[PDB]
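Trainee:
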Amino acid sequence: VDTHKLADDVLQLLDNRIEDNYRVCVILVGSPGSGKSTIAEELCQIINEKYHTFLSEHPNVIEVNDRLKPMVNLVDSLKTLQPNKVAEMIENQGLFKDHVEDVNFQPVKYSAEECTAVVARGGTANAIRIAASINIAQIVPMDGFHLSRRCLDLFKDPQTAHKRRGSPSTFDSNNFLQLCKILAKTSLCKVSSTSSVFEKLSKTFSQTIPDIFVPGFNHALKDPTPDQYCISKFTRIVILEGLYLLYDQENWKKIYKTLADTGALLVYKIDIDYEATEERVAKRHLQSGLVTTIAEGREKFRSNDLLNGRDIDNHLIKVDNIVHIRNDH
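Residues 2 to 113, 119 to 138, 152 to 211, 218 to 354 (the entry's author numbering) make up the sequence shown, in order.
Listed below in structure tokens is the structure:
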């Protein structure tokens, strides 16, 4: 795939929506070993580099508006987890024992300078945090929303929960959807002769947009970790990458519509070279210790539809705006 061309398409949408959307979202889906992580980082970088180069010759172009307007309230629609329940949750290792598999459990907020935490069925481990050199593009990995291993222990059937970790049901889909709702709201708010997209965005940064912190995934501790990615008023391009952003089930299905409805969404789906991906994933499992030989790794890939991508392709939401891209090496 041509990442510079993706960068060009992203800037074109942003420019076209400059007056209607504070930020454009990009959805990038790929099965394990598809390389969505590197494509997203590369795209993100390219865009930021372009902006820095623009700033080089337009040194003082940046201005933050809406200084006399109130902050965009992102959590007003959520129920507040009363102080007593916050304590109970914290006491139970930051978990909600009776809702770990409840996809309909609604996210709740509470005050943790001040700072608002939004949690759902995964508890504190997948919390989104909202606050009271200049990069305009940021990535949002879905990995940070993996339910914690301790959360998986509370599943009615922990054994399968762990063995199948990485399946759609082992992520806090509730809170990821909530993150998307927050992003859409920060996009649909109300914005504000040149033709330069960078010039336009530089004069329209808004003081009303708070910093938003999202969890990341610590591959060493095999669990999610807090505030690894910050989306601020300067972030005008959000690149969400993951396995189930286009999955037609439960909360995942609502993701596309939630971001699509902003009118500022680009969607990409990576089509994998089977053999190359099989080898890649087989080697990863070997290096991680999951298998003793590459042959075992390959068979695991072939028989696990969560690994070979079949599950994702079978559950790909039916929308005509999904741009299929290749990442062959």
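Even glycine gets a Cβ: it sits at the ideal position worked out from N, Cα and C.
In its own chain, which residues sit with a C-beta less than 6 Å from the C-beta of residue 130, not counting the 5 before and 5 after it?
Mentor: Once the five neighbours on either side are set aside, the close Cβ partners of residue 130 are 95.
Trainee: On a CA-only basis, which of 228, 262, 156, 107 is nearest residue 195? Give me that one, please.
Mentor: That would be 107, whose Cα lies nearest to the Cα of residue 195.
Trainee: Following the continuous beta strand (DSSP E) through residue 343, name the residue where it begins and the one where it ends.
Mentor: Taken as a continuous stretch (DSSP letters only), residue 343 belongs to no beta strand (DSSP E), as it is neither H nor E.
Trainee: Any chance the segment 31-51 sits against the segment 152-165, with 3 or more Cβ pairs inside 8 Å?
Mentor: Yes: the two stretches touch, three or more of their Cβ pairs being nearer than 8 Å.
Trainee: Given residue 353, which residues of its chain have a CB within under 6 Å of its CB, disregarding the five upstream and five downstream residues?
Mentor: Result list for residue 353: 298, in chain order.
Trainee: Would the beta-carbon of residue 370 fall within 9 Å of that of residue 235?
Mentor: The question about residue 370 has no answer here: the residues shown for the chain are numbered 2 through 354.
Trainee: Let me make sure I understand the geometry here. Which of 259, 98, 109 has the alpha-carbon closest to that of residue 193?
Mentor: For residue 193, the nearest C-alpha among the options comes from 109.
Trainee: I'd like to know whether the C-beta atoms of residue 165 and residue 296 end up nearer to each other than 9 Å.
Mentor: Going by C-beta atoms, residue 165 is not nearer than 9 Å to residue 296.
Trainee: Which residues bound the alpha helix (DSSP H) around residue 100?
Mentor: Per DSSP, residue 100 belongs to no alpha helix (DSSP H) and is neither H nor E.
Trainee: Can we say the segment 70-88 touches the segment 121-130, given the rule of at least three CB pairs closer than 8 Å?
Mentor: Yes: the two stretches touch, three or more of their Cβ pairs being nearer than 8 Å.
Trainee: Could you work out which residue in 243, 231, 255, 25 is closest to residue 288 when comparing CA atoms only?
Mentor: Minimum Cα distance to residue 288 is reached at 25.
Trainee: If you follow the beta strand (DSSP E) that residue 112 is part of, which residue opens it and which one closes it?
Mentor: From DSSP, the beta strand (DSSP E) with residue 112 extends over 109-112.
Trainee: Just confirm the distance between the C-beta atoms of residue 134 and residue 28, as a whole number of angstroms; I'd bet it's less than 8 Å.
Mentor: Actually they are not in contact, since the Cβ atoms of residue 134 and residue 28 sit about 18 Å apart, beyond 8 Å.
Trainee: Rounded to whole angstroms, how far is the Cβ of residue 293 from the Cβ of residue 187, which I believe are closer than 8 Å?
Mentor: Contact flag wrong, Cβ pair sits at about 19 Å.
Trainee: Take residue 4 and list the residues in its own chain whose beta-carbon comes closer than 7 Å to its own, dropping the five residues that flank it on each side.
Mentor: Excluding positions up to five away in sequence, the list reads 40, 43, 44, 47.
Trainee: Do the CB positions of residue 207 and residue 22 come within less than 9 Å of each other?
Mentor: Closer than 9 Å, so yes.
Trainee: Assign residue 180 to buried or exposed, taking buried as 16 or more other Cβ atoms, counted over all protein chains shown, within 10 Å of its Cβ.
Mentor: The residue in question, residue 180, is buried, as its Cβ has 16 or more Cβ neighbours within 10 Å.
Trainee: Determine the closest residue to residue 184 out of 10, 12, 329, 348, with distance taken between C-alpha atoms.
Mentor: The shortest C-alpha separation from residue 184 is found at 329.
Trainee: For residue 17 and residue 264, I'd like the C-alpha separation in whole angstroms.
Mentor: Rounded to whole angstroms, residue 17 to residue 264 spans 18 Å at the Cα level.
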